[PDB]
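Reading through the structure tokens given below for one structure.
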Number of protein chains: 4
Amino acid sequence: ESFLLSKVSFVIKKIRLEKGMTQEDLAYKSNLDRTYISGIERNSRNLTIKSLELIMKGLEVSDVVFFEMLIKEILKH
Amino acid sequence: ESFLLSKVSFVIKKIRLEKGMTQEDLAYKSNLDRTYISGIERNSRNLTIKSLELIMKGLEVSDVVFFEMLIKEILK
Amino acid sequence: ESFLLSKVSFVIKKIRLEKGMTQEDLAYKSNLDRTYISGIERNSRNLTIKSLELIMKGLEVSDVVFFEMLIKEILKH
Amino acid sequence: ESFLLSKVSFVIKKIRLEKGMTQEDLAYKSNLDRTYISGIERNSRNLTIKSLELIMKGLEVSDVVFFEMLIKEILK
DNA sequence: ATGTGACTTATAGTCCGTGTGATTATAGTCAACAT
DNA sequence: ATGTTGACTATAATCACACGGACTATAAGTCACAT
């Protein structure tokens, strides 16, 4: 569907695994539904900047380093 | 409101201006509503990635250039 | 399958709803997985007395009270 | 160990005796292993409902009578 | 008769994830009128 | 030109649940040898 979305959803998962988190921890720490974290990674889903922020806080990661990894993923072949 | 959401909006407005675009024209170029655009720039909207993407295409700016800028703006 | 199991299964759910609990709450307080609580109610799984005991403690109900409702459900038409 | 588990077992042993059965015979009647039964009666086993059901069949006691008894036993 | 121990094998119970209908909050989109 | 106020309607986001596969702990079932 959307170019950027699958990149965002890819990076959320990448970080989540890097930090040895599971989906449902992240769902807690991000103060969003269990199934939403799944749905974001699983398919992609069209999240909101506010929701993205919540997830970033949950990944225990800064806006900045998130976007830095986002850029790197976009740039790949 | 949100810090990120504010910086996003600021960035959208910044790029629109360094390109000498009007809102009217930013909305024409991305096929969204001008009041919608207005709203974002006065930070009254919490856009989705999809929408953000349409706005980048309307600004004629790559995702990467946008985020490069968004990062810099984020750091005061 | 087993006669007693689906009865035990039924009564666990009945109580759980009577107390306005959700599976999530229950598996919570029973310190079992929410998958297992679902599994039990769903497909009448074959639990252990120890696990049943945990569920009773989770339902905030006593041995006695449970077995009294168990007897009732068995007796029904 | 568990409180319930001990009284299940106690009950199983109680009924086997009130009937005059040996373990050997409770095992035969319920098509289970004798050492299996001995284990339960010394309370070294944590039955599943299914197993309990087989032991009730062997004792020839309905679920209801078993639980009526277990309750009474439970209340000291 | 019953009670051990110790040793496989079935399965109970765990852990992480997928996929889904139904409801609620809210973004997406477009009016009217402002300046 | 841009701002703001309501609106309607799509959909983001929530909530309670089912379902699967893979792995770990342990109950199920059977030996040998006590007594």
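Go through the stretch B:16-52 and count every residue that is away from DNA strand F (no atom under 13 Å from the Cβ) and over 21 Å from A:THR48 (Cβ atoms).
Residues meeting the conditions: 1.
Looking at the stretch D:15-49 only, could you name the residues that are surrounded by 15 or more Cβ atoms within 10 Å (Cβ to Cβ) and among the basic types (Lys, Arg)?
Result: D:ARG16, D:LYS29, D:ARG45.
From the residues in the stretch B:32-75 that are without any contact (Cβ under 8 Å) to a residue 40 or more places away in the chain, among the hydrophobic types (A, V, I, L, M, F, W, C) and touching an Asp or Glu at 6+ places or on another chain (Cβ under 9 Å), which one is farthest from DNA strand E (Cβ to nearest atom)?
Here the residue is B:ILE71.
Name every residue in the stretch A:44-65 that is at the interface with chain B (Cβ under 10 Å from one of its Cβ atoms), touching a residue at least 24 places away in the same chain (Cβ under 8 Å) and either closer than 20 Å to B:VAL61 by Cα or part of a loop (DSSP other than H, G, I, E, B) (or both), in order of residue number.
Kept after step one, since they are at the interface with chain B (Cβ under 10 Å from one of its Cβ atoms), are these residues of the stretch A:44-65: A:44-54, A:56, A:62-65.
Add one more test, that the residue is touching a residue at least 24 places away in the same chain (Cβ under 8 Å), and what stays is A:44-47, A:52, A:54.
Once the filter is applied, which keeps residues that are at the interface with chain B (Cβ under 10 Å from one of its Cβ atoms), touching a residue at least 24 places away in the same chain (Cβ under 8 Å) and either closer than 20 Å to B:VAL61 by Cα or part of a loop (DSSP other than H, G, I, E, B) (or both), the stretch A:44-65 yields A:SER44, A:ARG45, A:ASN46, A:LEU47.
Kindly indicate the residue of the stretch C:24-40 that is more than 7 Å from DNA strand E (Cβ to nearest atom) and buried (at least 18 other Cβ atoms within 10 Å of the Cβ) and also nearest to C:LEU5 (Cα to Cα) among those meeting that condition. Quick ask: steps written out before the conclusion?
Initially, the stretch C:24-40 is screened for residues more than 7 Å from DNA strand E (Cβ to nearest atom), giving C:24-30, C:34, C:37-38, C:40.
Still in the list and also buried (at least 18 other Cβ atoms within 10 Å of the Cβ): C:26-27, C:30, C:37, C:40.
Numbers: C:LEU26: 19, C:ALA27: 18, C:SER30: 18, C:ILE37: 14, C:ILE40: 9 Å.
Restricting to residues being more than 7 Å from DNA strand E (Cβ to nearest atom) and buried (at least 18 other Cβ atoms within 10 Å of the Cβ), the top hit is C:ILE40.
Looking at C:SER6, C:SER30, C:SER51 in this structure, which one is of a type in the set (S, T, N, Q), closer than 19 Å to D:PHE3 by Cα and more than 12 Å from DNA strand F (Cβ to nearest atom)? Write out each step before concluding.
On the way: C:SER6 fails: closer than 19 Å to D:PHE3 by Cα; C:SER51 fails: more than 12 Å from DNA strand F (Cβ to nearest atom).
Of C:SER6, C:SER30, C:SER51, the one residue that is of a type in the set (S, T, N, Q), closer than 19 Å to D:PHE3 by Cα and more than 12 Å from DNA strand F (Cβ to nearest atom) is C:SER30.
Look through the stretch C:6-39, keep the residues that are touching an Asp or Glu at 6+ places or on another chain (Cβ under 8 Å) and within 14 Å of chain D (Cβ to nearest Cβ), and return whichever of them is nearest to D:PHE66 (Cα to Cα).
C:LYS7
Sort out for me the helices (runs of 4 or more DSSP H) sitting completely within chain B that have 1 or more residues that are acidic (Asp, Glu) and over 12 Å from the mean Cα position of the chain (by Cα).
Values: elements: B:3-18, B:23-30, B:34-41, B:49-58, B:63-74.
Of the helices (runs of 4 or more DSSP H) lying wholly inside chain B, those with at least 1 residues that are acidic (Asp, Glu) and over 12 Å from the mean Cα position of the chain (by Cα) span B:3-18, B:23-30, B:63-74.
Each value in this text was obtained by applying a stated rule to the coordinates, not by laboratory testing. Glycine gets a Cβ as well: all are built from the backbone with ideal geometry, and neighbour counts include every protein chain shown.
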